[PDB]
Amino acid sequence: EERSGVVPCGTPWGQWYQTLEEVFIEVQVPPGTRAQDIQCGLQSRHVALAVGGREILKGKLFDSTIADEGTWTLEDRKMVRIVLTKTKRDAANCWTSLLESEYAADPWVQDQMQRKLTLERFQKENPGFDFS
């Protein structure tokens, strides 16, 4: 719910995203991973994570962080993922809520979702252009 409108960057092991104040790194691990199987060092400008001895992520951070405040936690995140195919699939078929009268996006999240769909359509209609 604090989740609404957060923009992730996908990576091979998960994703990261940010807020004005923090940077979030979500790393998928095997389902039998235990807290005891994690080695994670968080320094002002560097991070390192190894799971069951296998290095997953290690390097120099894009910018500096306050080392003492860094946290890591192992979370159980089992989920049912449902994927539906829209009958109508134009950028103007941007759903503003999941159900008719529930799970509405606030106006800003609606704007973000519309923008992404406009961009998807633009990229589809202009396959020749490079967007990176």
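Residue numbers run from 1 along the displayed sequence.
Note on 17 to 25 vs 119 to 127: mean CA B-factor is higher in 119 to 127. Stretches 89 to 97 and 34 to 42 differ in mean C-alpha B factor, with the higher average recorded for 89 to 97.
Among the modelled residues of the chain, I66 sits in the middle third by CA temperature factor in this PDB entry.
Ranked by C-alpha B-factor against the other modelled residues of its chain, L74 falls in the lowest third. Annotation for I56: CA B-factor lies in the highest third of the chain's modelled residues.
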